[PDB]
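Source file: entry23.cif; contents: mmCIF, C-alpha atoms and all ligand atoms.
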```
data_final
loop_
_atom_site.label_atom_id
_atom_site.label_comp_id
_atom_site.auth_asym_id
_atom_site.auth_seq_id
_atom_site.Cartn_x
_atom_site.Cartn_y
_atom_site.Cartn_z
CA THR A 1 133.08 192.29 7.88
CA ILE A 2 129.31 191.84 7.54
CA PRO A 3 128.37 189.50 4.67
CA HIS A 4 126.06 190.88 2.01
CA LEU A 5 123.39 188.58 0.61
CA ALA A 6 120.98 188.95 -2.31
CA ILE A 7 118.30 186.73 -0.74
CA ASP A 8 114.90 188.41 -0.85
CA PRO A 9 113.01 187.16 2.25
CA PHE A 10 109.79 188.69 0.86
CA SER A 11 109.85 186.88 -2.50
CA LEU A 12 107.39 184.15 -3.47
CA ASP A 13 110.24 181.66 -3.95
CA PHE A 14 111.35 182.28 -0.37
CA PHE A 15 107.80 181.92 1.00
CA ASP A 16 107.36 178.68 -0.96
CA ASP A 17 110.28 177.09 0.88
CA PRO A 18 112.19 179.33 3.29
CA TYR A 19 114.25 176.75 5.12
CA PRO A 20 117.34 176.46 2.87
CA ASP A 21 117.65 180.24 2.58
CA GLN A 22 117.17 180.53 6.35
CA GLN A 23 120.10 178.17 6.89
CA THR A 24 122.15 180.26 4.44
CA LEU A 25 121.28 183.38 6.48
CA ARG A 26 122.20 181.74 9.81
CA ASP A 27 125.42 180.23 8.53
CA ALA A 28 126.64 183.37 6.77
CA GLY A 29 127.15 185.13 10.12
CA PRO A 30 125.32 186.35 13.22
CA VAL A 31 124.51 189.59 11.33
CA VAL A 32 124.03 189.91 7.58
CA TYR A 33 123.21 192.78 5.24
CA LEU A 34 120.34 192.20 2.79
CA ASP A 35 121.25 194.22 -0.32
CA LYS A 36 117.76 193.81 -1.79
CA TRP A 37 116.18 196.08 0.82
CA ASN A 38 119.09 197.83 2.59
CA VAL A 39 118.40 196.25 5.98
CA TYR A 40 120.43 194.22 8.44
CA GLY A 41 119.29 190.66 9.06
CA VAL A 42 119.63 188.36 12.06
CA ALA A 43 118.53 184.74 11.71
CA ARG A 44 120.14 182.89 14.64
CA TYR A 45 118.27 182.32 17.88
CA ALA A 46 120.90 184.10 19.99
CA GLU A 47 120.79 187.43 18.15
CA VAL A 48 117.01 187.37 17.54
CA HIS A 49 116.53 186.85 21.26
CA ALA A 50 119.07 189.58 22.11
CA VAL A 51 117.41 192.10 19.77
CA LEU A 52 113.91 191.39 21.07
CA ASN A 53 115.13 191.93 24.64
CA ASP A 54 116.86 195.30 24.07
CA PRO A 55 113.91 197.55 23.15
CA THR A 56 115.87 200.72 23.97
CA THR A 57 118.48 200.05 21.29
CA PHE A 58 116.20 198.17 18.87
CA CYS A 59 113.06 200.25 19.07
CA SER A 60 109.52 199.72 17.78
CA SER A 61 108.26 203.34 17.60
CA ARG A 62 109.89 203.85 14.19
CA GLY A 63 107.81 200.94 12.88
CA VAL A 64 108.17 197.15 12.96
CA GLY A 65 107.87 196.95 9.18
CA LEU A 66 110.47 197.96 6.61
CA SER A 67 109.18 201.53 6.60
CA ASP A 68 110.87 203.93 9.03
CA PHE A 69 108.25 206.25 10.57
CA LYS A 70 110.98 208.89 10.86
CA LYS A 71 111.21 208.89 7.04
CA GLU A 72 107.76 207.89 5.72
CA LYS A 73 104.20 208.35 6.88
CA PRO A 74 102.66 205.19 8.39
CA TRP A 75 99.91 203.72 6.24
CA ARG A 76 97.51 203.98 9.22
CA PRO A 77 97.83 205.75 12.59
CA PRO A 78 100.52 203.96 14.62
CA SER A 79 99.48 201.23 17.01
CA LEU A 80 99.62 202.50 20.60
CA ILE A 81 101.11 199.19 21.75
CA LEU A 82 102.98 197.47 18.89
CA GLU A 83 104.53 200.64 17.48
CA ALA A 84 105.38 202.26 20.83
CA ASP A 85 108.38 202.00 23.13
CA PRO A 86 108.60 202.22 26.91
CA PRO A 87 107.38 204.28 28.66
CA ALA A 88 104.54 205.11 26.22
CA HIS A 89 104.08 201.37 25.61
CA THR A 90 103.70 200.47 29.27
CA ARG A 91 100.18 201.50 30.22
CA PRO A 92 98.41 200.41 27.01
CA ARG A 93 100.25 197.10 27.40
CA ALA A 94 99.00 196.75 30.97
CA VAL A 95 95.42 197.36 29.82
CA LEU A 96 95.58 194.70 27.10
CA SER A 97 97.30 192.34 29.54
CA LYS A 98 94.40 192.74 31.98
CA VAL A 99 91.78 192.49 29.22
CA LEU A 100 93.34 189.20 28.03
CA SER A 101 94.42 188.08 31.48
CA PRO A 102 94.72 184.64 33.08
CA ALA A 103 91.56 185.47 35.00
CA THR A 104 89.74 186.40 31.77
CA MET A 105 90.53 183.04 30.17
CA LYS A 106 88.30 181.38 32.77
CA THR A 107 85.28 183.35 31.51
CA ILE A 108 85.67 182.15 27.89
CA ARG A 109 87.17 178.65 28.12
CA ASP A 110 83.92 176.69 28.30
CA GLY A 111 82.45 178.36 25.22
CA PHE A 112 85.69 178.13 23.27
CA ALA A 113 85.97 174.42 24.10
CA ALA A 114 82.34 173.66 23.26
CA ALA A 115 82.72 175.42 19.89
CA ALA A 116 85.88 173.42 19.11
CA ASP A 117 84.19 170.10 19.94
CA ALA A 118 81.15 171.13 17.86
CA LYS A 119 83.28 172.05 14.85
CA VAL A 120 85.16 168.76 14.93
CA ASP A 121 81.85 166.87 15.20
CA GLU A 122 80.53 168.84 12.22
CA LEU A 123 83.66 168.20 10.17
CA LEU A 124 83.53 164.46 10.92
CA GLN A 125 80.05 164.32 9.37
CA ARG A 126 81.55 165.63 6.11
CA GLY A 127 84.70 163.47 6.32
CA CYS A 128 86.66 165.20 3.55
CA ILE A 129 87.14 168.89 4.37
CA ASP A 130 89.53 171.79 3.82
CA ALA A 131 91.40 172.20 7.09
CA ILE A 132 91.99 175.87 6.27
CA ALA A 133 88.59 177.27 5.26
CA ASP A 134 86.58 174.70 7.23
CA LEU A 135 88.70 174.51 10.40
CA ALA A 136 91.64 176.89 10.80
CA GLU A 137 89.52 179.81 9.57
CA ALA A 138 86.04 178.62 10.59
CA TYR A 139 86.83 177.89 14.24
CA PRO A 140 88.46 181.25 15.17
CA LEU A 141 85.74 183.02 13.20
CA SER A 142 83.18 181.16 15.32
CA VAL A 143 84.61 182.32 18.69
CA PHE A 144 86.86 185.39 18.38
CA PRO A 145 84.58 188.02 16.77
CA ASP A 146 81.97 187.11 19.38
CA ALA A 147 84.53 187.33 22.20
CA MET A 148 85.44 190.79 20.84
CA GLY A 149 81.79 191.86 21.02
CA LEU A 150 81.45 192.50 17.27
CA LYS A 151 78.11 192.55 15.49
CA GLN A 152 77.48 189.86 12.88
CA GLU A 153 77.33 192.23 9.91
CA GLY A 154 80.60 192.90 8.11
CA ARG A 155 82.77 190.19 9.65
CA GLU A 156 83.96 189.27 6.14
CA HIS A 157 86.26 192.34 6.46
CA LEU A 158 88.28 190.90 9.35
CA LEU A 159 90.59 188.43 7.62
CA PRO A 160 91.26 190.82 4.69
CA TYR A 161 92.10 193.64 7.12
CA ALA A 162 94.50 191.43 9.07
CA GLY A 163 96.17 190.19 5.88
CA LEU A 164 96.62 193.83 4.92
CA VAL A 165 98.19 194.66 8.29
CA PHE A 166 100.73 191.87 8.00
CA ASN A 167 101.47 192.50 4.31
CA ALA A 168 102.09 196.17 5.20
CA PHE A 169 105.01 195.25 7.48
CA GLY A 170 106.78 194.13 4.32
CA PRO A 171 108.67 196.12 1.73
CA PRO A 172 106.79 198.00 -1.01
CA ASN A 173 106.49 194.92 -3.22
CA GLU A 174 103.36 193.87 -5.10
CA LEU A 175 101.88 192.01 -2.12
CA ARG A 176 102.04 195.19 -0.06
CA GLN A 177 100.99 197.64 -2.77
CA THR A 178 97.97 195.54 -3.78
CA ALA A 179 96.86 195.13 -0.16
CA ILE A 180 96.94 198.86 0.47
CA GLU A 181 95.16 199.50 -2.84
CA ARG A 182 92.20 197.38 -1.72
CA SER A 183 92.20 198.48 1.91
CA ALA A 184 89.70 201.35 2.10
CA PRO A 185 86.52 199.29 2.81
CA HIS A 186 88.24 197.08 5.39
CA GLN A 187 89.77 200.07 7.20
CA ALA A 188 86.37 201.80 7.25
CA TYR A 189 84.65 198.76 8.74
CA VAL A 190 87.35 198.06 11.34
CA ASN A 191 87.71 201.67 12.50
CA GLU A 192 83.95 201.94 13.00
CA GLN A 193 83.68 198.75 15.08
CA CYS A 194 86.34 200.19 17.42
CA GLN A 195 83.96 202.86 18.75
CA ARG A 196 82.46 202.09 22.14
CA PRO A 197 78.76 201.91 21.09
CA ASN A 198 79.51 199.14 18.58
CA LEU A 199 81.10 196.67 21.05
CA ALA A 200 78.78 194.32 22.93
CA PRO A 201 78.87 194.32 26.75
CA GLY A 202 81.31 191.93 28.41
CA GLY A 203 83.48 191.42 25.31
CA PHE A 204 87.14 192.32 24.89
CA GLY A 205 86.32 195.58 23.10
CA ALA A 206 83.95 196.83 25.78
CA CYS A 207 86.46 195.86 28.46
CA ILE A 208 89.14 197.98 26.78
CA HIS A 209 86.80 200.98 26.79
CA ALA A 210 85.95 200.27 30.45
CA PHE A 211 89.63 200.74 31.35
CA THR A 212 89.49 204.37 30.17
CA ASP A 213 88.51 205.64 33.63
CA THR A 214 91.42 204.13 35.60
CA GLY A 215 94.04 206.57 34.33
CA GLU A 216 95.82 203.88 32.35
CA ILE A 217 94.36 204.93 28.98
CA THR A 218 92.14 207.79 27.98
CA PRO A 219 88.88 207.39 26.05
CA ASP A 220 90.51 208.47 22.77
CA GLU A 221 93.08 205.64 23.14
CA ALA A 222 90.54 202.84 23.46
CA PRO A 223 89.47 202.60 19.78
CA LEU A 224 93.07 202.12 18.63
CA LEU A 225 93.58 199.40 21.25
CA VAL A 226 90.47 197.60 20.02
CA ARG A 227 92.03 198.01 16.57
CA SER A 228 95.10 196.19 17.88
CA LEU A 229 93.11 193.08 18.81
CA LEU A 230 91.24 193.06 15.49
CA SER A 231 94.58 193.45 13.69
CA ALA A 232 96.64 190.91 15.60
CA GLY A 233 94.29 188.36 17.06
CA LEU A 234 92.49 186.54 14.23
CA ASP A 235 94.72 185.78 11.21
CA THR A 236 97.55 184.76 13.53
CA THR A 237 95.40 182.12 15.25
CA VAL A 238 94.12 180.91 11.88
CA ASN A 239 97.66 180.21 10.74
CA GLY A 240 98.62 178.75 14.12
CA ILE A 241 95.76 176.26 14.15
CA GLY A 242 96.36 175.55 10.46
CA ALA A 243 100.03 174.86 11.21
CA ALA A 244 99.07 172.43 14.00
CA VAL A 245 96.69 170.49 11.78
CA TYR A 246 99.29 170.49 9.01
CA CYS A 247 101.83 169.09 11.46
CA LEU A 248 99.51 166.37 12.71
CA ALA A 249 98.65 165.46 9.10
CA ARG A 250 102.32 165.16 8.10
CA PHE A 251 103.53 163.45 11.31
CA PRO A 252 100.98 160.69 12.03
CA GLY A 253 103.16 159.28 14.81
CA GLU A 254 102.64 162.51 16.72
CA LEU A 255 98.88 162.42 16.14
CA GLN A 256 98.94 158.96 17.67
CA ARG A 257 100.82 160.19 20.72
CA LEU A 258 98.38 163.08 21.07
CA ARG A 259 95.39 160.72 20.91
CA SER A 260 97.01 158.56 23.57
CA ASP A 261 97.38 161.53 25.96
CA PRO A 262 95.11 164.47 25.06
CA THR A 263 96.68 166.54 27.83
CA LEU A 264 99.59 167.03 25.41
CA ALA A 265 97.23 169.26 23.38
CA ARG A 266 98.62 172.55 24.71
CA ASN A 267 102.24 171.57 24.10
CA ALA A 268 101.39 170.11 20.69
CA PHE A 269 100.03 173.53 19.74
CA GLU A 270 103.03 175.36 21.20
CA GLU A 271 105.36 173.07 19.25
CA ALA A 272 103.37 173.83 16.09
CA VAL A 273 103.91 177.53 16.74
CA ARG A 274 107.67 176.91 17.02
CA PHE A 275 107.78 174.59 14.01
CA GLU A 276 105.79 176.66 11.50
CA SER A 277 106.07 180.09 13.20
CA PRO A 278 102.91 181.84 11.84
CA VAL A 279 104.60 185.20 12.29
CA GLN A 280 107.88 184.73 10.40
CA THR A 281 109.63 188.09 10.66
CA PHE A 282 109.50 191.65 11.65
CA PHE A 283 111.74 194.63 12.17
CA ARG A 284 113.28 196.97 14.72
CA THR A 285 115.09 200.28 14.17
CA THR A 286 118.38 201.06 15.91
CA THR A 287 118.42 204.19 18.07
CA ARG A 288 122.22 204.34 18.36
CA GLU A 289 125.30 202.69 16.96
CA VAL A 290 125.37 199.18 18.41
CA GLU A 291 127.57 196.09 18.46
CA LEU A 292 125.55 192.93 17.78
CA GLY A 293 127.23 189.56 17.33
CA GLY A 294 130.57 191.23 16.64
CA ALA A 295 129.17 193.56 13.97
CA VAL A 296 128.66 197.31 14.27
CA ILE A 297 125.27 198.65 13.16
CA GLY A 298 124.77 202.39 12.79
CA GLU A 299 121.98 204.51 14.25
CA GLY A 300 118.68 204.63 12.41
CA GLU A 301 119.04 201.27 10.66
CA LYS A 302 116.30 198.73 10.06
CA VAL A 303 117.04 195.25 11.40
CA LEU A 304 115.02 192.26 10.18
CA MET A 305 114.60 189.37 12.62
CA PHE A 306 113.78 185.85 11.43
CA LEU A 307 111.57 184.33 14.15
CA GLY A 308 110.93 181.14 12.19
CA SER A 309 114.65 180.72 11.58
CA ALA A 310 115.47 181.30 15.26
CA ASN A 311 112.91 178.59 16.08
CA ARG A 312 114.80 176.17 13.83
CA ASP A 313 118.37 177.16 14.75
CA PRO A 314 120.36 173.97 15.58
CA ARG A 315 122.59 176.11 17.80
CA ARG A 316 119.56 176.27 20.13
CA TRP A 317 117.31 173.29 19.30
CA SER A 318 117.93 169.56 19.08
CA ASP A 319 116.48 168.14 15.85
CA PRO A 320 114.91 171.54 15.09
CA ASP A 321 113.26 170.26 11.92
CA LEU A 322 111.29 167.58 13.78
CA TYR A 323 107.75 168.15 15.10
CA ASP A 324 107.86 166.77 18.67
CA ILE A 325 104.79 167.31 20.83
CA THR A 326 106.73 166.52 24.02
CA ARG A 327 109.59 168.94 23.23
CA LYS A 328 110.52 171.45 25.90
CA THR A 329 109.31 174.44 23.86
CA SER A 330 110.01 177.12 26.47
CA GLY A 331 112.09 179.87 24.91
CA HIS A 332 110.79 179.69 21.37
CA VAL A 333 110.21 183.12 19.86
CA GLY A 334 107.02 182.35 17.90
CA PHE A 335 105.17 184.78 20.20
CA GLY A 336 108.16 187.11 20.44
CA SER A 337 110.07 187.76 23.64
CA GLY A 338 110.40 190.62 26.10
CA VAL A 339 108.18 193.63 26.64
CA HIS A 340 106.15 193.16 23.43
CA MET A 341 105.82 189.38 23.76
CA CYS A 342 102.38 188.59 22.36
CA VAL A 343 99.84 190.04 24.79
CA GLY A 344 97.20 187.73 23.36
CA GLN A 345 99.25 184.52 23.83
CA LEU A 346 96.74 183.13 26.35
CA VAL A 347 93.88 183.50 23.85
CA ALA A 348 96.02 181.88 21.13
CA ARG A 349 96.98 178.99 23.38
CA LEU A 350 93.40 178.52 24.57
CA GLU A 351 92.08 178.26 21.00
CA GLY A 352 94.87 175.95 19.91
CA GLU A 353 94.58 173.76 22.98
CA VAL A 354 90.84 173.23 22.82
CA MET A 355 90.93 172.51 19.08
CA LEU A 356 93.76 170.00 19.40
CA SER A 357 91.91 168.44 22.38
CA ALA A 358 88.80 167.96 20.25
CA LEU A 359 90.90 166.36 17.50
CA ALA A 360 92.74 164.18 20.03
CA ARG A 361 89.50 162.80 21.43
CA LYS A 362 87.45 162.52 18.24
CA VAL A 363 89.75 161.84 15.27
CA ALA A 364 91.70 158.67 14.50
CA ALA A 365 93.51 159.77 11.32
CA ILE A 366 94.21 162.96 9.36
CA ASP A 367 95.20 162.21 5.76
CA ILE A 368 96.03 164.82 3.15
CA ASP A 369 93.83 163.95 0.18
CA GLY A 370 94.20 166.88 -2.21
CA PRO A 371 96.60 169.52 -3.50
CA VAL A 372 98.11 171.63 -0.73
CA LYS A 373 98.21 175.35 -1.56
CA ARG A 374 100.28 177.95 0.25
CA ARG A 375 99.03 181.42 1.18
CA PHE A 376 101.54 184.20 0.52
CA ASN A 377 101.97 187.13 2.93
CA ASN A 378 104.95 189.36 3.61
CA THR A 379 104.94 188.47 7.33
CA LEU A 380 102.60 185.50 7.90
CA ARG A 381 103.32 181.86 7.01
CA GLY A 382 100.37 179.59 6.42
CA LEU A 383 98.32 177.63 3.95
CA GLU A 384 95.52 178.63 1.59
CA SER A 385 94.07 175.14 1.28
CA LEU A 386 94.71 171.88 3.16
CA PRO A 387 92.43 169.09 1.90
CA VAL A 388 92.24 166.31 4.48
CA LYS A 389 90.10 163.30 5.23
CA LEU A 390 89.21 163.02 8.93
CA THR A 391 88.59 159.46 10.16
CA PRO A 392 86.51 159.27 13.35
CA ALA A 393 87.94 157.62 16.44
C1 LIG B 1 99.22 181.74 17.18
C2 LIG B 1 98.76 182.99 17.37
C3 LIG B 1 99.66 184.23 17.56
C4 LIG B 1 100.96 184.40 17.21
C5 LIG B 1 101.89 183.40 16.52
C6 LIG B 1 101.35 185.73 17.61
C7 LIG B 1 102.59 186.32 17.46
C8 LIG B 1 102.93 187.55 18.00
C9 LIG B 1 104.27 188.12 18.04
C10 LIG B 1 105.54 187.43 17.49
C11 LIG B 1 104.21 189.33 18.61
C12 LIG B 1 105.42 190.26 18.87
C13 LIG B 1 105.56 191.38 17.85
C14 LIG B 1 106.72 192.28 18.19
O1 LIG B 1 107.48 192.01 19.16
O2 LIG B 1 106.89 193.33 17.48
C15 LIG B 1 102.82 189.58 18.97
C16 LIG B 1 102.37 190.74 19.57
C17 LIG B 1 101.04 191.01 19.79
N1 LIG B 1 99.99 190.13 19.66
FE1 LIG B 1 100.10 188.21 18.99
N2 LIG B 1 100.26 186.34 18.18
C18 LIG B 1 99.22 185.46 18.17
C19 LIG B 1 97.96 185.67 18.69
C20 LIG B 1 97.46 186.85 19.17
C21 LIG B 1 96.13 187.03 19.69
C22 LIG B 1 95.08 185.90 19.79
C23 LIG B 1 96.00 188.32 20.05
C24 LIG B 1 94.80 189.05 20.66
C25 LIG B 1 93.64 188.44 20.94
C26 LIG B 1 97.26 188.98 19.78
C27 LIG B 1 97.56 190.29 19.98
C28 LIG B 1 98.83 190.81 19.97
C29 LIG B 1 99.19 192.17 20.29
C30 LIG B 1 98.14 193.22 20.68
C31 LIG B 1 100.51 192.30 20.18
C32 LIG B 1 101.36 193.56 20.46
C33 LIG B 1 101.85 193.43 21.92
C34 LIG B 1 102.86 194.49 22.28
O3 LIG B 1 103.35 195.16 21.35
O4 LIG B 1 103.22 194.68 23.49
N3 LIG B 1 98.13 188.05 19.26
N4 LIG B 1 102.06 188.49 18.57
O1 LIG B 2 98.60 196.65 17.55
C1 LIG B 2 98.43 196.08 16.43
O2 LIG B 2 97.71 196.60 15.55
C2 LIG B 2 99.27 194.85 16.10
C3 LIG B 2 99.93 194.19 17.12
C4 LIG B 2 100.72 193.11 16.82
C5 LIG B 2 100.83 192.69 15.51
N1 LIG B 2 101.73 191.60 15.30
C6 LIG B 2 102.86 191.74 14.66
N2 LIG B 2 103.50 190.56 14.68
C7 LIG B 2 102.70 189.73 15.38
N3 LIG B 2 101.63 190.37 15.77
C8 LIG B 2 100.20 193.36 14.47
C9 LIG B 2 99.40 194.44 14.78
CL CL B 3 92.58 200.83 10.16
#
```
Go ahead and express the file in the form of structure tokens.
Ligand code: HEM
Ligand SMILES: O=C(O)c1ccc(-n2cncn2)cc1
Ligand SMILES: [Cl-]
Amino acid sequence: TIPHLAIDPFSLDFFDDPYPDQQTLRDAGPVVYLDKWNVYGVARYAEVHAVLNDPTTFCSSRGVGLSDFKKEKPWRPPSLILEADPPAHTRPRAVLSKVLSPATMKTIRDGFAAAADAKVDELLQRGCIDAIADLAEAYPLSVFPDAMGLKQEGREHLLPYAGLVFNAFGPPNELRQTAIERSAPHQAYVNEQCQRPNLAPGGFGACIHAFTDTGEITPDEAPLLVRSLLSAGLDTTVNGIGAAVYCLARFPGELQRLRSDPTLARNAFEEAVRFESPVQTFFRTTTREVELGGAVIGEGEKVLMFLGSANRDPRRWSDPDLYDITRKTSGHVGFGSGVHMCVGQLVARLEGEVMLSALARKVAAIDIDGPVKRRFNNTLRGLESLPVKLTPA
């Protein structure tokens, strides 16, 4: 009843160009079985959205990677928010929601915007730059560690640690095994910065620790919740901003529309998140036998969701393979959906918006002018190098 496919969604060939195989996964059926890894797969929007929104049946506390925490030891202590289900999830979630709240965005917007404008001005002086190292990486590195309250020393550990986190959601392939092999120094740095004395006043980290006297979290929970922001909040924005620049570089007509109305900046970024989906996949584990899209899945089974595929499913989107900065993007699953829907989405959108605003106001053309190189990760989609010439407006 359920079709069995040999596609390996964690192979380099798949990362290099996932879209044909994603159509094969959607068109094979609402639910497939991936023989390579002994997991169920769902690649259509409807079932991805259904799974995300039934956290009781499709739980997160047995891990959102391939590994089942009921069978194997997690490679690091479980996340108190990502790898927890209601009700344990609920209070740590509320703390992070308040730390990264609508009201908090007002305190950081001016500095984030000024840093975005300054970076674009700097890049225009060079003309030919690498939109990954010099922009997608450099801009978040210039604002987010400081917003966290991190010291300057050791920040070179942050992107490697995040890449490790996202590789570790994958199967035990070479990408994952190599990441874990190299991890000890990055884990040591990150765990230490999570302790209250090492987080500067007024930053996100200190604000998490300040919530430990409300009864929502205890003091021994705060370091792991700081760990969550350092895990989830940098590399993702790098790939999101990188995707947006890549889209504007490939679709000059949309850059021209964005220049003509810079208030489209926020939706241009949201559309980039739909179109490239920086977080491509992740897993749930069934807690009972369940019927999903006409198929029966047993208890204790890993289910792999394809967020990027759901965001390109023609059953849900008109012209899904077009980058359209005026698209009604509401409902895309690039930030997830439901109780775990990205708690840092307002920080992500703020960064993306202010960067695309700076480009909209200051740049007349973005032309790829060198070899484009992809960056391979078991969970994240993004580029390693994006050589572009920026022409000033
Ligand atoms: C473009 C940037 C980003 C993308 C594409 C993205 C994507 C996602 C997705 C898909 C999830 C859901 C995972 C799941 O349901 O298992 C998630 C959760 C999460 N994200 Fe993001 N994210 C981004 C930025 C950020 C930022 C900036 C932060 C923090 C500053 C952050 C922190 C988190 C946390 C803590 C969770 C877990 C929330 C929970 O489990 O309730 N993310 N993110
Ligand atoms: O709590 C953490 O450590 C954490 C939270 C979320 C994620 N993400 C997974 N997919 C997208 N974000 C990774 C780590
Ligand atoms: Cl760690």
Problem set entry | Computed interatomic separation between atom CA of residue A:320 and atom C3 of ligand LIG 1 (chain B) (Å) |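 One can read the atom CA of residue A:320 to atom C3 of ligand LIG 1 (chain B) distance as 20.0 Å.
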Exercise. Once you count all atoms listed in the file, which residues end up within 8 Å of ligand CL 3 (chain B), and could you hand them over as JSON, numbers by chain?
Worked result: {"A": [76, 77, 161, 186, 187, 188, 190, 191, 227]}
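Near residue A:79, within 9 Å and counting only C-alpha atoms, sit residues 76, 77, 81, 82, 83, 84, 224, 225, 227 and 228 of chain A, not including residues fewer than 2 positions from it in the same chain.
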Exercise. Nearest to ligand LIG 2 (chain B) among A:277, A:231, A:357, A:107, with distances taken over all atoms listed in the file: which residue is it?
Worked result: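 Looking only at the distances to ligand LIG 2 (chain B), the closest residue turns out to be A:231.
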For this session: Write out as a count of residues only the residues lying within 12 Å of stretch 175-184 of chain A, counting all atoms listed in the file and excluding same-chain residues fewer than 5 positions away.
Result: 32
With N, CA, C and O atoms as the goal, would you fill in the gaps in stretch 84-95 of chain A and present it as a short mmCIF file (atom, residue, chain, number, x, y, z; two decimals), in the coordinates of the input?
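Wrote it out as part01.cif, contents follow:
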```cif
data_model
loop_
_atom_site.label_atom_id
_atom_site.label_comp_id
_atom_site.auth_asym_id
_atom_site.auth_seq_id
_atom_site.Cartn_x
_atom_site.Cartn_y
_atom_site.Cartn_z
N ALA A 84 105.01 201.37 19.74
CA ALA A 84 105.38 202.26 20.83
C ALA A 84 106.48 201.60 21.65
O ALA A 84 106.56 200.36 21.74
N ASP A 85 107.31 202.43 22.25
CA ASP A 85 108.38 202.00 23.13
C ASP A 85 108.06 202.38 24.56
O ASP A 85 107.24 203.27 24.81
N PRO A 86 108.69 201.73 25.53
CA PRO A 86 108.60 202.22 26.91
C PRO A 86 109.14 203.64 26.98
O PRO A 86 110.14 203.95 26.33
N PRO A 87 108.51 204.53 27.77
CA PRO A 87 107.38 204.28 28.66
C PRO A 87 106.00 204.40 28.02
O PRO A 87 105.04 203.99 28.65
N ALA A 88 105.88 204.96 26.80
CA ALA A 88 104.54 205.11 26.22
C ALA A 88 103.84 203.76 26.05
O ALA A 88 102.61 203.68 26.16
N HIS A 89 104.62 202.71 25.80
CA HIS A 89 104.08 201.37 25.61
C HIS A 89 103.42 200.81 26.87
O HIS A 89 102.51 199.99 26.78
N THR A 90 103.87 201.26 28.05
CA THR A 90 103.70 200.47 29.27
C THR A 90 102.24 200.42 29.72
O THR A 90 101.74 199.36 30.10
N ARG A 91 101.54 201.56 29.70
CA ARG A 91 100.18 201.50 30.22
C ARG A 91 99.19 200.86 29.26
O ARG A 91 98.34 200.08 29.69
N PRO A 92 99.25 201.16 27.95
CA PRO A 92 98.41 200.41 27.01
C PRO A 92 98.67 198.92 27.07
O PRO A 92 97.73 198.12 26.96
N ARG A 93 99.94 198.52 27.23
CA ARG A 93 100.25 197.10 27.40
C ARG A 93 99.56 196.53 28.64
O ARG A 93 98.99 195.43 28.59
N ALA A 94 99.61 197.26 29.75
CA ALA A 94 99.00 196.75 30.97
C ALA A 94 97.49 196.59 30.80
O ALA A 94 96.89 195.64 31.33
N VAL A 95 96.86 197.50 30.06
CA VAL A 95 95.42 197.36 29.82
C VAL A 95 95.12 196.10 29.01
O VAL A 95 94.22 195.33 29.35
#
```
